[PDB]
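For reference, the structure discussed in these notes is given below.
All Cβ positions, even for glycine, are placed from backbone atoms using ideal geometry, and neighbour counts span all protein chains on display. Bear in mind that the values in this text are calculations on the coordinates, not laboratory data.
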Amino acid sequence: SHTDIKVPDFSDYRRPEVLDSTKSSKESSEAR
Amino acid sequence: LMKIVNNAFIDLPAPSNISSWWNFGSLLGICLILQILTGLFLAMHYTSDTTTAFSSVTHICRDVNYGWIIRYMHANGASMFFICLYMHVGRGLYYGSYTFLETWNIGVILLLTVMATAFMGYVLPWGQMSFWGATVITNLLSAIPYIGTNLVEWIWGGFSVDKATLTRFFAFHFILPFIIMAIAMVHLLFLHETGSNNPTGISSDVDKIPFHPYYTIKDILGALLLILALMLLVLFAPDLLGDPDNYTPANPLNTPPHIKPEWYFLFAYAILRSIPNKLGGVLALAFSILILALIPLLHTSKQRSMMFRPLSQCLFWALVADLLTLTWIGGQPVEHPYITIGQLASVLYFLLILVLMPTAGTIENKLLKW
Amino acid sequence: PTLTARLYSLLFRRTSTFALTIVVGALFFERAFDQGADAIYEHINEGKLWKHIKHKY
Amino acid sequence: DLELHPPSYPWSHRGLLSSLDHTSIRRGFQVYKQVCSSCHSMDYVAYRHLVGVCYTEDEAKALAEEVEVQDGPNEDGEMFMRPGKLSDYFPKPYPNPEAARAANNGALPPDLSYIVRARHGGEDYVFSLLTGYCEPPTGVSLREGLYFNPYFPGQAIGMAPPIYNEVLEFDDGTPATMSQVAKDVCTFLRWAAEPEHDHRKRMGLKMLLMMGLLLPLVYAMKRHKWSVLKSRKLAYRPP
Amino acid sequence: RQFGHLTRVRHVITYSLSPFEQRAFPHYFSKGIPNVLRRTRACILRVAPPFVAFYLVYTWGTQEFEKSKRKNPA
Amino acid sequence: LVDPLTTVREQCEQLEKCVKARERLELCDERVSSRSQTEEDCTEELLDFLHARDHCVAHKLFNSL
Amino acid sequence: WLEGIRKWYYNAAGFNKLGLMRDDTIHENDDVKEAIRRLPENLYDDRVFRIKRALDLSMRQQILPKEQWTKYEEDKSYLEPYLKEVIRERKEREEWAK
Ligand code: HEC
Ligand code: HEM
Ligand code: HEM
Ligand SMILES: Cc1nc(CO)c(-c2ccc(Oc3cccc(OC(F)(F)F)c3)cc2)c(O)c1Cl
């Protein structure tokens, strides 16, 4: 159902600054 | 509030699977404005009289502050115009857009408007090919019976080209692009009731998207390459396409050995030149163009595109060759090696359209059982 | 912060500033690009231009 | 019977950023005056176009003061002659074409304003025209006045040989050989049919270093927006 | 015409990302150039051969034209 | 006083394509001159000599000038 | 021999390289819009998704891997019953008018 849904991983496409899911945004956002 | 019409140009639904081919469909909006913009400032100094015209060109090319550019942004710009067309026209064949019957027919009348405009645009400066190029093309209408001599004299203001026949064009010529500017809006209006026509041929209504961020910049990118491939000509090779003779003043008592109008007629001029008869070759010419109106009654495949018709692909690009041949074969004089090719190639043109492109879909329907 | 992020929050954030930035950069850019090409054009055509034969006459 | 293609000679200006050796324009102008200007009606130029290219204001103005020009309705109701000024075009040799045909063997000198761009090959033709006068071949006979030169169509021309070694002498004193003349003149004629060559290449150059610099950035700004949809996965999750 | 009454969709899901959260040109060299070839192999056969033949009729058309101007032994 | 050109034409008439066409020219030359009534000429062969010549004159001549 | 050619043409047209079927690519007209209106939900949405991804991949000029391609034996002719039903009514509607 709507819980079985899942988002794929665009880590083949992202910027390097954000690949680390453990980190946060907002420290490279202003640069991005 | 009338801005809401630009729902057409801002919030419009259009596909997402779109090539850079359709940029060519948009550049004419730029070329048409770019040409008029140039040509207007250009025509602040032109003169519609013989004795001063050719000087009145050189009045620009020499004395005017950066007036010399505007001749060539205009002239070669008029050629980058066509280079978009004969990719834009060949498109709908290869992607099946001619099915929009209300629109394709408009795509003719724009063309004939231009191919009678650009003609007028070559003759203004009296380049010794202007005159004879005006004579050769215009004289053909004399081939008609019982009215040919009357019309051509009527448009020659007399008995041959002279001061009057110049000025009858400079006004017929400085006006029509506006008639194109208007009819172009019609050419979009019938579209807006159906929208574009994807390469596949499928109604992509499920996957239509906006237009302000996406195809805008793409069109600019398309436009940017145009200006690039227009600045190169004017800056680095303006003498390339335009025949050199057009800098010679005009004299009816001296012809050049070789005559050809500007390069872009040549797919069509050659067709006439093939036929040794006078009249019976003419009606091939006008039919060499109006045949495009005859195509939609020859759409055989219950598919639309040619992306999914590999056989017709083999015949489509084949037609491009025959054009690229007839573009060149007319550009060369009348001698036995080439005449044997025009008798073939011109027939191939009519032949590929009216026999085999239908025949493919007649087959391809049957290879797949409908 | 990188230069980029320091550049963002100063200029490229407030649109009033973002237009002020561009004319500034353009106003100076006009002063460099001309000097560049005029010298490169001078350099590649060394011994050909009028200013190179401007002292004799 | 045949044409003749001149070769692809080098020049000081054949490159896509190569301008004209303005020095070479200088001596070439001397040639037009001592030699050509007795029969070549160059009308679409004036001495003022020579400023900032080959001569100065005073040196060029000296040449208009040299030759007389027909100008002015006198208050008596007549016309007279005065020394030329800068604004006057080149003194035309002959008042009309016919007298030029009568002062030759019926043939007419074409103008040299735009002859280079009006003749296939331009310089290479014109250079190899003057420097292609040769004794006729076997079996060929030619009327009086005419001469032989292969490059001209028909290989039969009413062109008296205009150049010969040390037909004149230049100012700085270079070797006035038949070739060095032919360079500086052909270098001149291109300028006649192109007073914009120097500036054509400047915007000729300024273009790329904008467009070559822009065109990627746009090509990023394109890809910056489309990247939403260059990267999109779909699905189909019915019951 | 506009968005809202075009046609029907049922039970379809869309996943899309900001641009800022991703590089503009990922794998431009890596995955593209093999895709250029595969794009190319699927068109080359039914695009060239006319243009190939043109190179020959631009070839023979000039050569056979050149000869005809050269004299004959007579 | 000498034209720099004639020095170069002289060096080039020794070259392969130049010499060979020169030989055909003389055979055309005798073929016609030995014949009495001919609408024929060596305008044919002369050109193949010259375009072969001027190609050498091309490559270098403005080293001197 | 024939049938070795239908299977080949169907591989050269391309439209097995995009997860599509044969009925998907048909020129849309009034005769066909009738049938696509007449289809059931389970098959109709199944038409949509086949198209909706082929477009996005004709955008990129990418394709599916060789495994997910379509196979000639699986080229189901799901539309033909619903279509020929129509043109029967059309010619019944015309000849009845004459
Ligand atoms: C004797 C007067 C006279 C002299 C001096 C003269 N010209 Fe000529 N020029 C003519 C005439 C007469 C023709 C006619 C040629 C023809 O009818 O084909 C002509 C033709 C030409 C042409 C036309 C080429 C073509 O294809 O017909 C050029 C270019 C030219 N001259 C350049 C020059 C140059 C360069 C010089 C100086 C080296 C020069 N002229 C000196 C009278 C002259
Ligand atoms: C599709 C529209 C048009 C076409 C195809 C066209 C065609 C041409 C061409 C081919 C030339 C070449 C002359 C040369 O290169 O020397 C020319 C010149 C000229 N154009 Fe047009 N033209 C068009 C519209 C216009 C417009 C819109 C104007 C004015 C606003 C204009 C005014 C002129 C004038 C006065 C000349 C003489 C300049 C010259 O001959 O160089 N034309 N035109
Ligand atoms: C000044 C002349 C023209 C202008 C300004 C113009 C403008 C346009 C534009 C903006 C489009 C939408 C872009 C696109 O669909 O690719 C278009 C589409 C089209 N044009 Fe042109 N056009 C011109 C000439 C022509 C000509 C000569 C033809 C000849 C047949 C033609 C036929 C078409 C067709 C069939 C379409 C269909 C669009 C589609 O298939 O989605 N147009 N035109
Ligand atoms: C699919 C598609 N559709 C449309 C309009 O429906 C357009 C499109 C968008 C904007 C247009 O407006 C213009 C812009 C400049 C000149 C122009 O000429 C003019 F004004 F009619 F002379 C029209 C004209 C066409 C387009 O570029 C594409 Cl790709």
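Assorted remarks:
- With contributions of -39500 (n - 2.57) from each DSSP H run of at least four residues, the per-residue ellipticity at 222 nm computed over chain B stands at -20000 deg cm²/dmol.
- Helix B:214-236 axis, angle to chain B major axis (alpha carbon atoms, nearest 10°): 30 degrees
- Cβ charges +1 (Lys, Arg) and -1 (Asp, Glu), total dipole of chain B, debye: 560 debye
- Positive-end ranking of D:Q30, B:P261, F:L46 along the dipole of the protein assembly as shown, with charges on Cβ about the Cα centre, is headed by B:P261.
- Dipole of chain D computed with +1 at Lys/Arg Cβ and -1 at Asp/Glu Cβ about the Cα centre; of D:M203, D:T174, D:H5, farthest Cα towards the positive end is D:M203.
- For the stretch D:18-34, Karplus couplings with θ = phi - 60° (6.51, -1.76, 1.60), whole Hz, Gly/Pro x: 8, 8, 9, 5, 4, 3, 5, 6, 5, 4, x, 5, 4, 6, 4, 7, 5
- Neighbours of D:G52 by Cβ distance under 11 Å: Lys/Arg scored +1, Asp/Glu scored -1, total +1.
- Between D:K233 and E:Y15, the built amide H atoms are under 5 Å apart, and every one of these is 5 or more places off in sequence or on another chain.
- Placing +1 on each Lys and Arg Cβ and -1 on each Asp and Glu Cβ, with no other charges, gives chain G a dipole about its Cα centre of roughly 300 debye.
- The mean sequence separation of alpha-carbon pairs under 8 Å and at least six residues apart, normalised by the residue count of chain D, gives a relative contact order of 26 percent.
- Rounded to the nearest 5, the antiparallel percentage of DSSP beta bridges internal to the protein assembly as shown is 90%.
- Taking the Cα centre of the protein assembly as shown as reference, the dipole from Cβ charges on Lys and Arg (+1) and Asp and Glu (-1) amounts to some 5300 debye.
- Applying the Karplus relation 6.51 cos²θ - 1.76 cosθ + 1.60 with θ = phi - 60° to the stretch D:129-136 yields 3J(HN,Hα) values of 6, 4, 9, x, 5, 8, 4, x Hz, where x marks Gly and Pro.
- Residues considered: B:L351, B:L253, B:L221. Largest GNM mean-square fluctuation over chain B, using C-alpha springs under 10 Å, is found at B:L253.
- Shielding value for A:10-17 is 5, the average number of Cβ atoms from other chains within 10 Å of each residue's Cβ.
- C-alpha long axis of helix B:336-351 to longest principal axis of chain B, angle in °: 40 degrees
- The mean number of partner chain beta-carbon atoms within 10 angstrom of a residue's beta-carbon across peptide D:133-146 is 4.
- Look at where the Cα atoms of chain A and of the stretch G:75-94 average out, and the two centres are 50 Å apart.
- The stretch C:1-51 and the stretch B:221-237: distance between their alpha carbon centers, rounded to Å: 23 Å
- Between the amide H of D:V69 and those of D:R82, D:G84, distances stay under 5 Å, these residues lying 5 or more places away or on another chain, with hydrogens modeled in the peptide plane.
- Note on the stretch D:77-119 and chain F: Cα centroid distance 37 Å, given to the nearest whole angstrom.
- Degrees separating the helix E:48-69 axis from the principal Cα axis of chain E, which is the longest one: 20 degrees
- Cross-link partners of G:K91 among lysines (Cα-Cα below 28 Å; sequence separation of 8 or more within a chain): B:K302, B:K366, B:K369, G:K33, G:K76
- Antiparallel DSSP beta bridges within the stretch D:1-195, as percent of all bridges there, nearest 5: 90 percent
- Of E:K71/F:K60; D:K61/D:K206; B:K260/E:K67; C:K54/D:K85; C:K56/D:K206; B:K3/D:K233, those spanning more than 25 Å from alpha-carbon to alpha-carbon: E:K71/F:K60; D:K61/D:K206; C:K56/D:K206; B:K3/D:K233
- Note that the stretch D:74-79 has calculated 3J(HN,Hα) couplings of 5, 4, 5, x, 10, 10 Hz, one per residue in order, obtained from phi through the Karplus relation 6.51 cos²θ - 1.76 cosθ + 1.60 (θ = phi - 60°); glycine and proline are x.
- Between D:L229, D:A46, D:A192, the Cα set farthest toward the positive side of the dipole of chain D (charges on each charged residue's Cβ, about the Cα centre) is that of D:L229.
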